[PDB]
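Numbering (the numbering used here), first residue to last: 13 to 83. No residue lacks a Cβ here, since even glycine has one placed at the ideal position from N, Cα and C. Reading through the structure tokens given below for one structure.
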Amino acid sequence: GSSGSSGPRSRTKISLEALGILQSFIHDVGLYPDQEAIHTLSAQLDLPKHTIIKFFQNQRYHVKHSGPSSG
């Protein structure tokens with residue numbers, strides 16, 4: 013697969029759970045959610061796509077030093 017998209021601005025307020033949940037999937041899948049995964053995140057959590065997307069973007073932006081392939 014391969015895809016990307018910019019997303020400026022940032023502002024969210026997740027109690028924790030929801031966040032944590034999707035968070036688990038992130039550490040499971042990685043950092044490449046599909047329109048389907050997002051849909052599930054927007055459902056399971058009941059959050060908007062933009063929200064999930066945005067939030068994620070943050071994770072990506074951060075991740076830089078550490079990449080794929082452990083080590």
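Short check: CB of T24 to CB of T63, under 8 angstroms? yes
Only counting the same chain, and skipping five residues up and downstream in sequence, which positions put a Cβ closer than 6 angstroms to that of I50? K61, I64
Restricting to Cα atoms, I'd like to know which of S81, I38, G83, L57 is closest to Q69. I38
Taking the CB atoms as reference points, tell me whether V75 and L43 lie closer together than 8 angstroms. Yes, the Cβ-Cβ distance between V75 and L43 is below 8 angstroms.
Of the listed residues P20, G79, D46, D58, nearest to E29 (C-alpha basis): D58
Among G16, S22, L31, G32, nearest to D46 - alpha-carbon criterion: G16
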